[PDB]
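Okay, so here's just one chain, in structure tokens, the form deposited in one PDB entry.
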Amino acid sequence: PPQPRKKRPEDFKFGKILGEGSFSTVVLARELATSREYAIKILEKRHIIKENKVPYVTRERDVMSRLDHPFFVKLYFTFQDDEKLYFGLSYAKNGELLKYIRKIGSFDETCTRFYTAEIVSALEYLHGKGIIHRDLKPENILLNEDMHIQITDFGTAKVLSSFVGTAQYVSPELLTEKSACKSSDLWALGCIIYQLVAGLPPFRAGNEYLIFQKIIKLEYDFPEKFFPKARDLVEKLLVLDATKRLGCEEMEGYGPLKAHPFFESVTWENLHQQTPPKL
């Protein structure tokens, strides 16, 4: 079928910077013809080539095109000019989950349960497509205007059929084997649940090396104020042996994870249609 013609920079009014890395910048843009807002990721070709990032850029475009689920930032279009590639992404107006953790300190049980359930439901979808995120963290779990999650940042994803993520959420197997699997994302999930409840990531230290040391030793502990059922769930995700994490294939997948007592009151069928709890 015929699709709309390529967009170009002049079709947009660019605004504020939404996010930044050493190889790309995400900028809010309003499409003039439609008044729609997009988060446009701008990548300078020369720099990407120079630093050998072509496979990562290609990976993100491929992944984010293929995903069709409300809990994921969508890639709507791409275009380029002489110097730059542009990716038109969903604009998640409320920004990072990290911002909310910092703002409110830690989440109550109702909010922890709901947002954890959305993240689990997103991973079920992603893993069902044979894709591993590999760098899941509250910085790339965004919140849309309606306060549902939208997960982004897929250049480092792996597609089943090399790279080490953010220190605090790195799984032990990446430190001891250099090998990621679906279960690496479930480890990150365990860290994120811990952070929602405690207000801080479970493996913390003065520098990267010391964090990694704690991870491989499973050296962390729970505060006294930690929802007991949430603690049990986290203990079943933060497991050194990757084949023993709740939710992984060797543990028979998402059924037993979603059945965990922490999720008792959750209706998994239509989370996106439910109204999120007030933070």
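A residue's number is simply how far along the shown sequence it sits, counting from 1.
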property	result
Other compared entries missing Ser184, a third or more	no
At least a third of other PDB entries omit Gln195	no
109-117 versus 169-177 - greater average Cα B-factor per the deposited record	169-177
252-260 set against 266-274, stretch whose average Cα temperature factor tops the other in the entry	266-274
Selection from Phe226, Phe212, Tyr38, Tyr56 [criterion: highest C-alpha temperature factor in the record]	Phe226
Member of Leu160, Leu97, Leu186, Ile192 with the greatest C-alpha B factor (per the PDB record)	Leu160
Where the record places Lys93 (Cα B-factor, split into thirds across the chain)	middle
Within-chain third of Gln150 by Cα B-factor, per the entry	lowest
CA B-factor placement of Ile49, once the chain's modelled residues are sorted into thirds	highest
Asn207 - Cα temperature factor, lowest/middle/highest third of chain	highest
Record-listed C-alpha B factor of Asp82: chain third	highest
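FYI, the form deposited with a partner chain bound isn't displayed, but the following is about it.
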item: Touches its partner chain in the entry with it bound: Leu75 (any heavy atom, 4.5 Å); value: yes
item: Touches its partner chain in the entry with it bound: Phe87 (any heavy atom, 4.5 Å); value: yes
item: Residue contact check: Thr243 to its partner chain in the entry with it bound, 4.5 Å heavy atom; value: no
item: Any non-hydrogen atom of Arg61 within 4.5 angstroms of its partner chain in the entry with it bound; value: yes
item: Contact segment among 101-109, 165-173, 67-75, 130-138, judged by heavy atoms lying within 4.5 Å of its partner chain in the entry with it bound; value: 67-75
item: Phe227, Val234 and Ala259 all contacting its partner chain in the entry with it bound, non-hydrogen atom within 4.5 Å; value: no
item: Selected contact from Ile48, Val239, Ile211, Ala39, since only one has a non-hydrogen atom within 4.5 angstroms of its partner chain in the entry with it bound; value: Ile48
